[PDB]
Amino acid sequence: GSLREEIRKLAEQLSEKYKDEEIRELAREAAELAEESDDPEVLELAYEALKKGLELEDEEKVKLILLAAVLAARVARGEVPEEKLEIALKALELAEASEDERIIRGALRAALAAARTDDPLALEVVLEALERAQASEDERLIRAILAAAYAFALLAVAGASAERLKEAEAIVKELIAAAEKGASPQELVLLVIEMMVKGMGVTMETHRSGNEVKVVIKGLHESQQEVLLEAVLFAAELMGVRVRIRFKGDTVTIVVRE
C-alpha cells in the first residue's frame, strides 16, 4: 500500500540521482518485480534496498544492493524452479559470508544471470558450481569458480544453444579442476576466453611470443563483443590477472599479462 507507492517513488528518484544505466535498469526492475509479486516480504525488501540506494552515495555499493534485491525478488515472485531458488540462496550466502567485494559481485551477478534463463541445463551447471564454492574455504578458489559460473551464465542469457552450453559446461569443469590443482591465474583466464569463444560460435588463435599469451578472436558481431568483454574482464579481475584488449574491425585481441 504505502510501500507500493514508495517503491515507485524511490525507483524514479534513484534514476535521477545516478547516471549509470545499470542502476537505472535495476531500480526499474525492482519496482516491476515488486509489483508482479503479491508478497509483502518482497515489497519490504525492494523498499529497503531502494531506500538504501538513496541514502548512500557509493555507486558500487548501490549496484550490489540492487543486484541482491532484484535476484531475491526474481526468484520469490510466483513459482520458479527449485534450482533457481537454490542458486539464489547459495549465492546470497556466499556474498553474506565473504569480505572480498569481488566474491559478492561474482556471486550476485552469476546467480541473477542464471535466474534470467529458463534452460534446466544451465541452472544445474550454475548450481553445481555454487555448491563447489560453498564447500571450499579458499576465497581464491571461490573467485575462480564464480568467474567460470558468470561466464557460463552470460553465454546462456546471450542465447547460446544447449549444445554449446554442454561444451561450455566441460570447460567450466576443466577450469575448476585446474584451479583446485594450483593452475596459474593466467591459465584460468585463458580457459574463460576459450569458453566464450566456443560458446558464441566463433574462432580463436593462441600465440605465445614470450612470457605472455595473445589470443586473436575472429567472427564476433560488434554487438556480441560486449558479452565476451564482460565475461573476460570480470574473470580477469576476479582471478587477479591483467588483460589488454584491442579491437580491429571484426577482430578482438586479448593479451594475458604475466
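All residue numbers are counted from 1 along the displayed sequence.
In this entry, 14-22 shows the higher mean Cα temperature factor of the pair 231-239 and 14-22. Of the two segments examined, 111-119 and 76-84, it is 76-84 that shows the higher average Cα temperature factor in the deposited entry. The maximum CA B-factor among the listed residues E41, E194, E29, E205, taken from the PDB record, is found at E41. In this entry, the residue among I104, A135, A156, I145 with the greatest C-alpha B factor is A135. Per the PDB record, residue ranking by Cα B-factor puts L3 in the highest third of the chain.
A183 sits in the middle third of its chain by CA B factor, as recorded in the PDB entry. Among all modelled residues in its chain, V62 ranks in the middle third by Cα B-factor. When all modelled residues of the chain are sorted by CA temperature factor, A34 is found within the highest third. Placement of the Cα temperature factor of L54 within the chain: highest third of the modelled residues, per the deposited record.
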